[PDB]
Structures are given as structure tokens and as C-alpha cells.
Amino acid sequence: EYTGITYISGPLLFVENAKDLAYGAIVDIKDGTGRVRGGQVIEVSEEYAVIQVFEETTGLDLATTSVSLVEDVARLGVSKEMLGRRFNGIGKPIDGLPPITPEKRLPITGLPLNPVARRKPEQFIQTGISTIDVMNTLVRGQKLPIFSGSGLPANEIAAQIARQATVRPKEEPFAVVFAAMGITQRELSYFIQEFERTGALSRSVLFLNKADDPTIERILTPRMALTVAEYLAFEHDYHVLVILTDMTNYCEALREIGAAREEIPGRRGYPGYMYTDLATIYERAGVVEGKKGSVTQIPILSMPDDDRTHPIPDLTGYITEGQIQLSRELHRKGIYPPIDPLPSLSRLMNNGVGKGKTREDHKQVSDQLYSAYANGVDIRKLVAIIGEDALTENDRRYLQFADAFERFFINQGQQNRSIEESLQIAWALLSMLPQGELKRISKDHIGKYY
Amino acid sequence: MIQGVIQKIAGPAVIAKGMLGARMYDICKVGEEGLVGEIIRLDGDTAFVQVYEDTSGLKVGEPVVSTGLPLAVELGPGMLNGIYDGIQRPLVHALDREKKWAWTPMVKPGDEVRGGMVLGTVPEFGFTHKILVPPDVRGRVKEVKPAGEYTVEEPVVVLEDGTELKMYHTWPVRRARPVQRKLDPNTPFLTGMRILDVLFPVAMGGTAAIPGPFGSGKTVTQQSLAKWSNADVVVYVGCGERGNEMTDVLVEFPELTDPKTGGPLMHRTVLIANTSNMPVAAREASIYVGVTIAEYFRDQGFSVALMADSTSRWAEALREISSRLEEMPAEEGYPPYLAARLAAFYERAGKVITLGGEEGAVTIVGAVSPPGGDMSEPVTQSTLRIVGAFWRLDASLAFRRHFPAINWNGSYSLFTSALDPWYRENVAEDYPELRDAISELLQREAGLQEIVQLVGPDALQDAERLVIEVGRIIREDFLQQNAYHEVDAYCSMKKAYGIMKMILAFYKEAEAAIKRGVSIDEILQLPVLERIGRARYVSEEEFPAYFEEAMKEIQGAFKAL
Amino acid sequence: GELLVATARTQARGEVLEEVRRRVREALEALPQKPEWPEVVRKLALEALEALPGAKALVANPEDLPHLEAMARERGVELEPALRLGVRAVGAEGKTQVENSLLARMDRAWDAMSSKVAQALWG
Amino acid sequence: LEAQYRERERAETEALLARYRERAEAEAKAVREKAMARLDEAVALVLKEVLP
Amino acid sequence: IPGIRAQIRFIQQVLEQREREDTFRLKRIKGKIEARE
Ligand SMILES: Nc1ncnc2c1ncn2[C@@H]1O[C@H](COP(=O)(O)OP(=O)(O)O)[C@@H](O)[C@H]1O
């Protein structure tokens, strides 16, 4: 059925229908445009008029311009053949290949499938990075954010995990869904080339949204990605790893429209709905029904202005099972990966460690290294206050341990460390500390492993 | 058009409805599609309804029907083991209509009754459910069922020759259930955690806010309390769920055990989920549905704990509903109405003398999640002004591996004096003096560390080095607790004081030895110190033996001089 | 080289879909120049009033007119806007807008049953 | 050693691909011909769904 | 003593951070109430 525009203000367009009003969420198509222009119904204003939000620019629209109702919202052309393809934020080909041949056509908001089970995340995902696998293990079904800032190699880490991740002997096949949001043409060309050259593309679906793509397409990108992941996990029984960079850029777009939508702004100019939209994305992870598959997330959260308290990165922490926080200060000291060892945590870590999983001494070693590194970092402050020579012999050992932790445990010369390798390095550096100062390792472990 | 209506318009989240002439303000209404909504605005020619779900499933002309309940709740047999949501309904009915319950008459025909009176008992789930005359109903019992089996809808009794009573009843979650009086905070809610029970006590029927940034351990304090606190029943409103925090609890908690009995914790719990796909309306009503269920169990003479994950998300859901209703935004765009409402919620907490005597209580522990460290509005600000207790999880204390990560400098219990006598009479005569002394230690350490940050630690006298030594032992040996250890996961009241006296006794001996020119370096490497450090791991009183072991060891230091 | 195969099949598989469509549209384009076309045209306009819209009128090419004055005499009336192979309807003064076109409905089919046609072609 | 290793792969990363070219196009021809005889059946299925 | 000015300097800028920027999400919210009304 067809309607006519009665008002246009930036991204918001009002459209009057003489017959049949399109329901909220329907995709409408503007007639008379060179490129497809979608209007998503947001409200029924009364008097046969609906209020909509445009998925692309509204320059050149005229009052009276015609609009058709497509009869449905937007969707994902779901198929196992999604693997090996590079697509836009909307799921249109970017690889010069034909459009996807759907096995099913799925809504993308998270309503389709109802895939999740009421079971806890469990079992190992080998990223191939020692600072994740050994000390902050990623588990199937978990949401483990990379916490970074502008200038830091968070995207290099994200791409490396995409190339390397696997689920070591699992009866289930493994797949990656890689979604990039608001990236440059140069970055898009780089990501494409990387997936194609390495052969990582064979087991991955890639969604790329450019900075100059419509803001609405950026908002839809993570939803296309999560829907594909849930389809592969639930209908094909796969362990799927979803990598989303950068959530902060997603937020900049969602924030950009909140103003055009008429809302009173919240703190820092953000949308008042920041946490309940973001919840629609972090809720979508975990084991799927049947327990053959799972959806795991590695979202990238860059600190705007390096501020981890900004509402965006701060609200993301609750959606994760493991967090890796990168720090500019550490990067400027030449320590890469620039992980803050006293601000990276594992929420579900205890579910993936110990006898029959990693090794019985894993929790004790992790606790002792964390405690010693935190003390060592504080002592760097104390050295600055009093001078190196005024530090006690005991404190000097903890000071030195912090350097050893950074030089040998954090730093990897690119290199796939087994958990056994990572625990060995951990015990080697721990020897620097007095045995009498290992408060967090029971004597049983000292005798057996020291 | 009295009991039903028809959608005039929908978009912008508000459904305008023609009719519904008898609907109450704040009543749940039902759309033909199956969605629920709350009557927000009653106008001369429409009802404005907040939709608790997606409004594209609503179209102009759609039929709308009253539910008759305030947003209401069903209160009767079938509540236990049940899993609901923001507006009570299987994770749709509320209480099984088919399930048969063994009703036991506890009143005879001719008895005079009043609201709250117990007329029957149902072993629905051990727990024994107590059937009460609904509030606002009194008179003479003219008819009463005999001991048998009946479904909820059946009538078990008639009063004043015709009000009919069933085993369940309905109540507006928005209205706090009536009571004769609220008793004064007298009995501590024995947590088993030394820092809490000692320094920041919670009283049975007290409101103690849990506040701090995301990932500081707020929920974990709540979960440990439920696994070990001295409340018979727990009402968990696991709100602010996201990404998978729903499925994280869906098939997980059904396995968590009751440390006290070794049975599922759910066997004494009621879950109230608040997911993101749920309407702001449901999450808003979730605390009211929970508190009402909480008040229901305390009426039986049980001490229940109400854990609210969290109110920050409830105020965001409420701000969404208010802005959609075009109510004037204030600070952070929150409606003016929130402060009085939030306060009204926490006011329903307390230990009471239930209808027909007997004592029960509802203790509230609410999570605080500011937009991000700002710790202002909504959540924190308004909450910290109501609650009497605040346990500040400190991310810096956590990074330092000091557990529980509760900041002993920023936390407060207005309840310390309120609960001191329970500890003095039942645990130890010196509970209050001991915690005051430890806190003064920690207070002194804080001041010393500030100065050392400036002039360095080299000028420190032996007396000041000793205070830092003992202050450190308090932090590492007492404040820090290992939630993952099979033993230190829970610290009984008896164990908390015994560990305190070992530390305080080591302090006195330390200061006494220094005063007699004993090198602090000699005390710092005293053999008993390593044992004091592992005391939290001992499950036997072998811990108080450390006091004598400490004294003799200092004597061996008085010997060598 | 493995990719070098899949794409060469994709181009081939494409070409076949794009020829099945070429024909399917040739059928409809040359549909008016045969009989049974009038019974098609009316049945489209039937649904326009038979659906949600209240009655008023409809339009088409001036060669759909020889085959569209039946219920025109039953208080509706016909009217080229170059309707090609379809018929718009007006539900009232407040346009309403219901259009039943064979091209427009084809496009709502080449996506509805993209598999079934492939299933019939290859599988 | 490299001199006889780099020229090994090149003489295979030609033969291997060069073989794929024989495989790819023969499997392109192999998807067309299956389609092009059992084709009117598809056209039929579509038409029958547009004129309802 | 240039320790004072040092880390304590970090002090003044988390302090200053905190609010010419916070004080502003705000001059502008209230605009926003009847700025929006
Ligand atoms: N008592 C604790 N002991 C150890 N780690 C804890 C504790 N409390 C919190 N944490 C760490 O912080 C993470 C987040 O804690 P949580 O209570 O879920 O956060 P929130 O305050 O947002 O509710 C936990 O998964 C854990 O890694």
C-alpha cells in the first residue's frame, strides 16, 4: 500500500497512508530515489500518519513524495553458505559474489529462534594468545570484552583471534562472525585482504560497516552478526565466536540519532536508553538449547577520551565473562600487548579451570601473580616517593616481580602458549618472590609445583 | 466498554485506548496479541497504556481488556519453586489452577476474624503455607472447608455470611501491604561475613544499600547472603540482566545448594527476572511484586531477604515510561516523582508483629549501579539517602585481592549500635569495642599512608611501622575473605570474633613489645604471624589457641630482649 | 583454487536464475496480447476492493478498459498512467492506496520461493 | 636449497591452479546443463504464484 | 617535593575532568526540559 511524506526533519520522516497503516517496525521504501532508501516505522501519530526513522540521508525528499510499505521489518538471509563471504552491515555482498541464497529468512532483533539454554558457559576456546588462554581463559558462551583506547592495537588483537581461535578436542564445528562498525575504506580493504589471504575466511562470516555508510546500517550491523551466530550455533550446532569492533563507534551512531528522536539527553549527552539498547546486544550470548553449540562474544570497548568511566564502556562491563583492558600508559612503555594486569578480570573463570580442565594449581597461581603484580605496581609509586635505595629488600623483590611479569608473562613474541606453558612461566617468575611471601598458594601446591 | 476497550492509536510506545471505563490507574491491561500493559493516564476520552513489550504487535482497533489487578499479584499456594518475571507469570497464569493442595482447617464456624487471621494451613512446599483472611475483611466465619484437597479457585470459607475466601488473594504491587506496626531494629541479620556482621551490621527488617560501579561484586554479596544469611526465605529480583545473565541464572541457580541443608537454594527462593526485552512496566512492578511476596512470607513468621539487582535499571525503565507519557524531565531527564516512590518501597522493609501475633521480617539489599562511576542519579543518590546500611565494594580493594572487597572507610551501618547487643549477649561481650578498635586501626593506617605518600616511609618511627604492620594483618587476615574456599566462603559469628581477638591481641602485644624496645623487624617475622594469616582457612577453634601461642612467642622475644 | 571453483559455479548458477527470471517476465509482458488476460485483470481489481479498503474506484491502461467496465457499472468506475500489467485502487478520498500488479507481485515471489525454484532446477 | 624450494612451489602453484581451471569451468558447465532442461518447471512454479 | 606537583597533579586533572565536562551534560539537560516542552 502507498503513502506520502507529510514532514521531514533530518532522520525523522512522517508519512500519511490513505489505506492500510503499516505497523510499527515495518520497513517502508521511498519511491523516486537513486539508491534504496528505507524508512522504519516508529510510531502511529493518529490521523492515518506514522512517524518513521530513515536508514539513509533524507536530502532531496519532498512533501508528497511516495512511499510503499514492504509488509515486514528488515532481515538475515540465513544459510551455512554465509561462511566464506564478506558482507555490508545490512548483509549485502562486498566480495563481488552473488547475494546469499537463504535457507531461512530471520528477523534480526533477537526475537527469532529463542536459541539460548538456561545453562552456564563452560569449556575452552583456544584464542592462541597466552595472556587470554593462560591467565584470563575465554569460555564457550561467555562475553569477554577487549577494553582499550584510541591509538592502541585492539583491532590487531581482534583480527588475530579471528584467525587463530578454535575449540580443541569438541565434536562441534567452529565458526567466526566478525563485525566491524564505522571503519575507514583503508581498514575495510585491510580486513578483507587479511581474511582472504590467511584462509580464515573459510570458517567466517564477515560484516563490514564503513564510517560513511548510513548510521542506521551501523545500528543493524551487530544484529545481523548476532543473528547469523545464533543461527549457526542453534540450527547447525556450532560453537560460534562473535567479534564486534568497536562498540563505542556503534554507540556514537545510536547517540547521534537520539537527539533527532526528541529525547531529553542523559549524562555526557548520551541517549537515556543507553543501557537498555546495549542490553539487547550483551543479552545475546551463552550456550544454546541442545548444548551442541554456543554463542561467545568478544566486543571491543574503546575508552572515549581514554575514560573507562564514560557511560558506554562502563555499562558494557556487566555483559562480559572475561575483560582484557588495554592501557595507553602501558603501550607508551613499549609493553605489548598493552594489557593492564590489575584491571583485566575473568567473571566465569572459575568454571573453566582446575583439575580435568587446565591444572589443579591454576587458581592459586593466578591469584598469587595478580596479588604480586598489583603490589609491585604500587611499589613503583613508592620508589618515586622515597627513592629506590630506601625500599626494603622484601619490597624490592615485589618491585622486580612486576617487571618480570611484564617482560616475560605479559609479553609474548607471537607464539601459541599452552596453559601448561603459561603456568610454567608463572611459576618461574614466582621464584623471584620469597617462598614465605606466597600467601595465596597452599603448601600442597608449593611442594608439588614450585 | 467498561471492562474492555479498543486501541485508538499506537506509536511512540504509548497505546491510546477508547473505553476501559472501569479500569483503575496503574492496572495491568491485556492486548489481544497477548502483550500486557499498564494503565498510566486516565483521561476523559481515553486511557494511555504503557506497553510491556513490542508495540508493533499492537494495531489500531485491537481489543484491550482489564485484568482488574494493579498491576496485581496472586498470593497463595504455588508461589514456592515458581519462576516469574516483572509482572508475575511463568518464565499466562501465575498459580496453578489444576494443582491440588492439602488444606487444613485452623478455624471453626462461629469464629470472629479480621484481615491477616490464619484460617487454614497448606503444606504446599515445606514451608507450610498460611492461609489468611485478605486485608480489609472481617466478621464471622459462617462456612469453612474440612481437611481435604482443593484447587486455588475453590472457596474454602465464607465470612460475614458472604465474603468468599480462597487459598490465594490478589494485591496491588504498588501498594505496600498493611500491618499493625513496624518494630525497632533490634536483631542483626547474621550474615556470617566478619566485615559486615562486625563493622556494618544489617538488622533483620533493615534496608542496607549495596552500591558501586559495574563489576565490583555487588550481586555476589547478595548471592552469598542467600546461600548463608539467617533468613528462611530469599526473594531475588535478578533485574538488570543482559547478554546472557538470564540464561546464566536460568539453568544455574537450579543447581546452587543451600549450605544449611544441602538441598537446592531455589527450594527456599523466588526468582523475579527483569530482562531487556521486557517492557519498562514489568521491571518497574517487579520490586513491588517481590516485596509483596516477601511481606507474605514474613506474615507466616519467617525472616526473608529481598535482594534487588537493581534499582538503577528500574529507574531507567520508569524514566522510559515517563518520557513516553510526556511527563516533564528533570535532573538526568528523570521524572520528579521518583524519590517519594523509591522511599515508599524501602519503607515496606522491617521486622513486624504479624497479624495474630508472631514476628517476621523483610530485610532489603538493593544493588546500586550509577550510569558509570559518577555515583549520582538515579540509583545511588536517592538510595543512599534512604538505606541505613551501605557496603561499598571497592574496585581498588578487589584489584589488590582483598576480599571481601568492602571498603571499611567508606561503608556505614547506622545499624552498628542497633545490633551490638545481639552480638554482646549471644557471641561476645567485646564485639563493639573490638570493631571500633580495628576501625580506628584502619583509620590511622589511612592517615599514615597519606603522609608516607608525601615524605616517604624512611622517617617512620617504630611505633608507626607497627601500626602499619598490624593494619596490614587486619586487611589481609580479616577484611579479605575467599568466596571460592570451601571454608572461608562463610565465616560463622563465633569464628569472626575469635579471629578478631587474635588480631587485636597481637596488636596489644606488638605495641607492648615496641614500648620495651623490641625491634619491629623481630615482631614482623614472628612465627605465629604466618598462622594468623591462614586462620581464615581453619574450620576449628584451634584459632583462639593462637592467642596463647602469640603471648608465649612474644615472651620468647621478651627473653632474647 | 577452491574459491576459484565456488565462484565459477556461482556465476553459472547465477546465469541460470537470471534466465529463469528473464523468461518468467517475458511471459507476463506478453500476457495482455492473448486471451484469458481479461479474467486476470478483473481478478486483480477484485482483491483491491475485497481486501481492507472500502470501495470507490480503480485504474489501468486504456486497453484494460475494453476489459474493465463490468463492476464499473456496479458503482466503482474505471479510468493511460502506463499501468503496464496491473491496477491501482482508491479506497476513499483519503487515497488508502492498494496496487495489485503482476510485476510487483512477481518480485514478491522471486524472493518468497528462491529455494523452491533452485530446488526444481538443480536438486 | 631455497633455489630448489621456491621453484618447487611455483611449478605446483601453477599445475594445481591450472588444474582447478579445468575443474571449475567443467563444474560450471555441470550446473548449467542440469538446470537448462528441467527449467520450464521452474518458470511454471513462479508464474503459477503471480497470477493468483 | 616535585613528587607533590607530580602524581598529586594527576590529582587536580581527574578532579577538573569530573566536572567543567560534567557541569556541562547538565546546563544543557535543564535547557533540554523546556528547551524540549
Ligand atoms: N567477592 C568477590 N571475590 C572475588 N571476585 C569478586 C568478588 N565480587 C566481585 N568479584 C569480581 O567482580 C566481577 C563482577 O562482580 P559482580 O558482583 O557481578 O558485579 P556488580 O557489582 O556489577 O554486580 C566478578 O565476576 C568477579 O570476577
# chains A, B, ... in the order shown; residues from 1 in each chain; ligands from 1
$ residues_around --residues "residue B:242" --least-positions-apart "3" --cutoff "6 Å" --atoms "only C-alpha atoms" --output "PyMOL selection string"
(chain A and resi 279+282-283) or (chain B and resi 245)
$ residues_around --residues "residue B:300" --least-positions-apart "5" --cutoff "8 Å" --atoms "only C-alpha atoms" --output "ChimeraX atom specification"
/B:129-130,354,358,360
$ residues_near_ligand --ligand "ligand 1" --cutoff "6 Å" --atoms "only C-alpha atoms and all ligand atoms" --output "ChimeraX atom specification"
/A:318,345-347 /B:213-220,403-404,483
$ interface_residues --of "chain C" --to "chain A" --cutoff "8 Å" --atoms "only C-alpha atoms" --output "NGL selection string"
:C and (7 or 10-11 or 14 or 52-53 or 91-99 or 114-115)
$ write_last_selection --atoms "C-alpha atoms" --output "mmCIF file, in the first residue's frame"
data_model
loop_
_atom_site.group_PDB
_atom_site.id
_atom_site.type_symbol
_atom_site.label_atom_id
_atom_site.label_comp_id
_atom_site.auth_asym_id
_atom_site.auth_seq_id
_atom_site.Cartn_x
_atom_site.Cartn_y
_atom_site.Cartn_z
ATOM 1 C CA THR C 7 32.688 -18.530 -7.736
ATOM 2 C CA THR C 10 28.168 -19.097 -8.571
ATOM 3 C CA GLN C 11 28.443 -17.227 -11.901
ATOM 4 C CA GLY C 14 23.506 -17.044 -11.317
ATOM 5 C CA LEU C 52 -9.014 -3.983 3.732
ATOM 6 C CA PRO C 53 -10.052 -0.890 1.658
ATOM 7 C CA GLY C 91 -10.243 3.159 -1.098
ATOM 8 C CA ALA C 92 -11.698 6.617 -0.446
ATOM 9 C CA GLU C 93 -10.903 10.340 -0.717
ATOM 10 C CA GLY C 94 -8.072 9.545 1.716
ATOM 11 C CA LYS C 95 -6.358 7.583 -1.081
ATOM 12 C CA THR C 96 -5.508 4.478 1.051
ATOM 13 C CA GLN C 97 -3.526 3.138 -1.944
ATOM 14 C CA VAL C 98 -3.804 -0.536 -2.873
ATOM 15 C CA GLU C 99 -1.986 -1.660 -6.027
ATOM 16 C CA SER C 114 14.090 -18.532 -4.172
ATOM 17 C CA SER C 115 14.854 -22.029 -2.863
#
$ residues_around --residues "residue E:25" --least-positions-apart "2" --cutoff "8 Å" --atoms "only C-alpha atoms" --output "count of residues only"
11
$ atom_distance --atom1 "atom CA of residue D:17" --atom2 "atom CA of residue A:193"
19.8 Å
$ interface_residues --of "chain B" --to "chain E" --cutoff "10 Å" --atoms "only C-alpha atoms" --output "number ranges by chain"
B: 326-333, 374, 453-455
$ closest_atom_pairs --of "chain C" --to "chain D" --cutoff "8 Å" --atoms "only C-alpha atoms" --output "CSV"
residue,atom,partner,partner_atom,distance
C:1,CA,D:17,CA,5.5
C:2,CA,D:20,CA,7.5
C:4,CA,D:24,CA,6.9
C:5,CA,D:24,CA,4.4
C:6,CA,D:24,CA,7.6
C:8,CA,D:28,CA,5.9
C:9,CA,D:28,CA,4.8
C:11,CA,D:28,CA,7.9
C:12,CA,D:28,CA,5.4
C:13,CA,D:31,CA,6.5
C:16,CA,D:32,CA,6.5
C:20,CA,D:43,CA,6.1
C:21,CA,D:43,CA,7.6
C:23,CA,D:43,CA,7.1
C:24,CA,D:43,CA,5.6
C:40,CA,D:51,CA,7.0
C:102,CA,D:50,CA,6.2
C:105,CA,D:50,CA,5.8
C:106,CA,D:50,CA,5.5
C:109,CA,D:46,CA,7.1
C:110,CA,D:46,CA,7.6
C:117,CA,D:42,CA,5.1
C:118,CA,D:42,CA,7.8
C:120,CA,D:42,CA,5.9
C:121,CA,D:35,CA,4.7
C:122,CA,D:35,CA,5.6
$ closest_atom_pairs --of "chain B" --to "chain A" --cutoff "7 Å" --atoms "only C-alpha atoms" --output "Markdown table"
| residue | atom | partner | partner_atom | distance |
| --- | --- | --- | --- | --- |
| B:9 | CA | A:46 | CA | 5.8 |
| B:10 | CA | A:44 | CA | 4.9 |
| B:11 | CA | A:43 | CA | 2.9 |
| B:12 | CA | A:43 | CA | 4.8 |
| B:55 | CA | A:24 | CA | 6.6 |
| B:56 | CA | A:24 | CA | 4.2 |
| B:59 | CA | A:23 | CA | 6.7 |
| B:214 | CA | A:318 | CA | 6.1 |
| B:215 | CA | A:318 | CA | 6.3 |
| B:242 | CA | A:283 | CA | 3.8 |
| B:243 | CA | A:283 | CA | 1.9 |
| B:244 | CA | A:283 | CA | 4.4 |
| B:245 | CA | A:283 | CA | 6.7 |
| B:247 | CA | A:118 | CA | 3.9 |
| B:248 | CA | A:120 | CA | 5.2 |
| B:249 | CA | A:118 | CA | 6.6 |
| B:250 | CA | A:118 | CA | 4.0 |
| B:251 | CA | A:118 | CA | 3.8 |
| B:252 | CA | A:119 | CA | 5.7 |
| B:276 | CA | A:276 | CA | 5.8 |
| B:332 | CA | A:266 | CA | 5.0 |
| B:333 | CA | A:264 | CA | 5.9 |
| B:371 | CA | A:311 | CA | 5.7 |
| B:372 | CA | A:311 | CA | 5.1 |
| B:373 | CA | A:309 | CA | 5.8 |
| B:399 | CA | A:342 | CA | 5.5 |
| B:400 | CA | A:374 | CA | 5.9 |
| B:401 | CA | A:371 | CA | 5.9 |
| B:453 | CA | A:385 | CA | 6.4 |
| B:454 | CA | A:385 | CA | 6.7 |
| B:456 | CA | A:386 | CA | 4.7 |
| B:457 | CA | A:386 | CA | 6.9 |
| B:458 | CA | A:390 | CA | 6.7 |
$ decode --residues "stretch 3-28 of chain D" --atoms "N, CA and C atoms" --output "CSV table (one decimal), in the first residue's frame"
chain,number,residue,atom,x,y,z
D,3,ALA,N,66.6,-22.1,-3.6
D,3,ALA,CA,66.6,-22.1,-5.1
D,3,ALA,C,65.8,-23.2,-5.7
D,4,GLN,N,65.8,-24.4,-5.0
D,4,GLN,CA,65.1,-25.5,-5.5
D,4,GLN,C,63.8,-25.8,-4.7
D,5,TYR,N,63.5,-24.9,-3.7
D,5,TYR,CA,62.2,-24.9,-3.0
D,5,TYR,C,61.2,-23.9,-3.5
D,6,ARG,N,61.7,-22.7,-3.8
D,6,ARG,CA,60.8,-21.6,-4.3
D,6,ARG,C,60.3,-22.0,-5.7
D,7,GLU,N,61.2,-22.7,-6.5
D,7,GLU,CA,60.8,-23.1,-7.9
D,7,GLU,C,60.0,-24.4,-7.8
D,8,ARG,N,60.0,-25.1,-6.7
D,8,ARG,CA,59.1,-26.3,-6.5
D,8,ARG,C,57.7,-25.8,-6.4
D,9,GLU,N,57.4,-24.9,-5.5
D,9,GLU,CA,56.1,-24.4,-5.2
D,9,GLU,C,55.5,-23.7,-6.4
D,10,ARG,N,56.3,-22.9,-7.1
D,10,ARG,CA,55.8,-22.2,-8.3
D,10,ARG,C,55.4,-23.2,-9.4
D,11,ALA,N,56.1,-24.3,-9.6
D,11,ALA,CA,55.8,-25.4,-10.5
D,11,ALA,C,54.6,-26.2,-10.1
D,12,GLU,N,54.1,-26.0,-8.8
D,12,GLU,CA,52.9,-26.6,-8.3
D,12,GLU,C,51.8,-25.6,-8.2
D,13,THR,N,52.0,-24.4,-7.6
D,13,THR,CA,51.1,-23.3,-7.6
D,13,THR,C,50.8,-22.8,-9.0
D,14,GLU,N,51.2,-23.5,-10.1
D,14,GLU,CA,50.7,-23.4,-11.4
D,14,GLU,C,49.9,-24.6,-11.8
D,15,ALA,N,50.5,-25.8,-11.7
D,15,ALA,CA,49.9,-27.0,-12.0
D,15,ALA,C,48.6,-27.2,-11.2
D,16,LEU,N,48.6,-26.8,-10.0
D,16,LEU,CA,47.4,-27.0,-9.1
D,16,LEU,C,46.3,-26.1,-9.5
D,17,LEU,N,46.5,-24.8,-9.6
D,17,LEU,CA,45.5,-23.9,-10.1
D,17,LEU,C,45.1,-24.3,-11.5
D,18,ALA,N,46.1,-24.4,-12.4
D,18,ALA,CA,45.8,-24.7,-13.8
D,18,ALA,C,44.9,-26.0,-13.9
D,19,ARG,N,45.0,-26.9,-12.9
D,19,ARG,CA,44.1,-28.0,-12.9
D,19,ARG,C,42.7,-27.5,-12.4
D,20,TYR,N,42.6,-26.6,-11.4
D,20,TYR,CA,41.4,-26.1,-10.9
D,20,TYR,C,40.6,-25.4,-12.1
D,21,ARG,N,41.3,-24.7,-13.0
D,21,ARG,CA,40.6,-24.1,-14.1
D,21,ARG,C,39.9,-25.1,-15.0
D,22,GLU,N,40.5,-26.3,-15.1
D,22,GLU,CA,39.9,-27.4,-15.8
D,22,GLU,C,38.7,-28.0,-15.0
D,23,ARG,N,38.8,-27.9,-13.7
D,23,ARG,CA,37.8,-28.4,-12.7
D,23,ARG,C,36.6,-27.4,-12.6
D,24,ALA,N,37.0,-26.1,-12.4
D,24,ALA,CA,36.0,-25.1,-12.2
D,24,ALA,C,35.0,-25.0,-13.3
D,25,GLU,N,35.5,-24.7,-14.5
D,25,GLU,CA,34.7,-24.5,-15.7
D,25,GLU,C,33.9,-25.7,-16.1
D,26,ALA,N,34.5,-26.9,-15.9
D,26,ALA,CA,33.8,-28.2,-16.1
D,26,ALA,C,32.6,-28.4,-15.1
D,27,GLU,N,32.7,-27.8,-13.9
D,27,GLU,CA,31.7,-27.8,-12.9
D,27,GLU,C,30.7,-26.6,-13.1
D,28,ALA,N,31.1,-25.6,-13.8
D,28,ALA,CA,30.2,-24.5,-14.2
D,28,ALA,C,29.3,-25.1,-15.3
